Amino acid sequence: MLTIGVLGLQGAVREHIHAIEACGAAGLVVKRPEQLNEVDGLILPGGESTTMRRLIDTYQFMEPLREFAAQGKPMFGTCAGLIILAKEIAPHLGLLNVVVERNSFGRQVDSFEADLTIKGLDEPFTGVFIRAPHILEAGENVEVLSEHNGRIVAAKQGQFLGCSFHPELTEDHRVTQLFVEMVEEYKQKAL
């Protein structure tokens, strides 16, 4: 069976692990780069991308994360991790071909929920947005999974998955399951 990592340098990880476990996979909190060899896919979560990036440097994760990607292993950037996985205008990994802008809303108005139609899910999914990054543009190689008021909020590209909301702050595990299916799909093809 599958093991999915959650990068554990910064921010909350307990809910992501719970969601992974709820989908029938094993969860591992990844605190050191060598542990990437122990998982079949990786969630990159976090709340504070700048903080997260500084820690990524401190703990020397950047090149291991690039090698993990090169192995074909799925990676799911949620909320801040979307920033780490994708591009900015115009560093981090630049693996997912979308340009992302950091949140600009103040602390008293930076959160909302919205019911989303997500490709691959039948019933709407309650998206939890908290200082959500904004995707400004998606490349031609990127599959849009969900949009809300004209803004791309979930996207997929091969082994990469990204969303700007928190799919783990709910008891609805259908978005995590989409990711688990990508990992299962990698696991089947892996030689």
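Numbers for residues come from their place in the sequence shown, where the first is 1.
Novice: Counting only residues from the deposited sequence, how many are left out of the model between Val109 and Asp110 (none, 1 to 3, 4 to 9, 10 or more)?
Specialist: The entry has no gap there; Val109 and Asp110 are joined directly.
Novice: On mean C-alpha B-factor from the PDB entry, just flag whether 140 to 148 or 43 to 51 is the higher one.
Specialist: Stretch with the higher mean C-alpha B-factor: 43 to 51.
Novice: Which of these, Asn37, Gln159, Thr126, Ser164, has its C-alpha atom at the highest B-factor, as the entry lists it?
Specialist: That would be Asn37.
Novice: Considering every modelled residue of the chain and its Cα B-factor in the PDB entry, is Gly81 in the lowest, middle or highest third?
Specialist: It belongs to the middle third of the chain when residues are ordered by C-alpha B-factor.
Novice: Please say which third, lowest, middle or highest, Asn97 falls into when its CA temperature factor is compared across its chain.
Specialist: As the PDB entry reports it, the C-alpha B-factor of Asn97 lands in the lowest third of its chain.
Novice: Within this chain's modelled residues, let me know which third the CA B factor of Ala26 belongs to: lowest, middle or highest.
Specialist: For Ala26, whose C-alpha B-factor we compare with every modelled residue in the chain, the answer is the highest third.
Novice: Test of reading the entry: by CA B factor among the chain's modelled residues, which third contains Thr117?
Specialist: It belongs to the middle third of the chain when residues are ordered by C-alpha B-factor.
Novice: With respect to C-alpha B-factor, does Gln71 fall in the lowest, middle or highest third of the chain as deposited?
Specialist: Highest third, going by the recorded CA B-factors of the chain.
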